[PDB]
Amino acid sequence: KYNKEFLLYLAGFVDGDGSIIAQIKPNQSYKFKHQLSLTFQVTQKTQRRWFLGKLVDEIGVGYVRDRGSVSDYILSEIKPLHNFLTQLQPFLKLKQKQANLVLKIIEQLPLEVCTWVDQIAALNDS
């Protein structure tokens, strides 16, 4: 996937309403554990999910999630997440700080590892 023309746009809308959220989920058990998730998302009022359906078609990869009065586009996990984020990034501005921070995690994962997430404190506590 190659874009660049509208990649300029989506950086805008993202910097507007666009979450490059990343988090650590429990694994190997349940409480203080070890297995993460990196997620790009956009959530518009269910009033207009067609744009959210447009995001999916423009971006190709992804899905819309119906959550009541709001729905949301969720790319999901590393696979298509690296082709997208990598391409977006250069049209940075606001939220493209973590565009990189996420792109960082999406790499070399065989301890400075699973540490970037908290650093991704875009007002996320603990």
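The numbering used is simple: start at 1 and walk along the sequence shown.
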Missing from the model but present in the deposited sequence, between residue 110 and residue 111: 4 to 9
Residue range whose averaged C-alpha B-factor is higher in the record, 61 to 69 or 78 to 86: 78 to 86
Segment of higher mean CA temperature factor, 99 to 107 or 13 to 21: 99 to 107
Largest Cα B-factor, entry values, listed residues 40, 91, 50, 30: 30
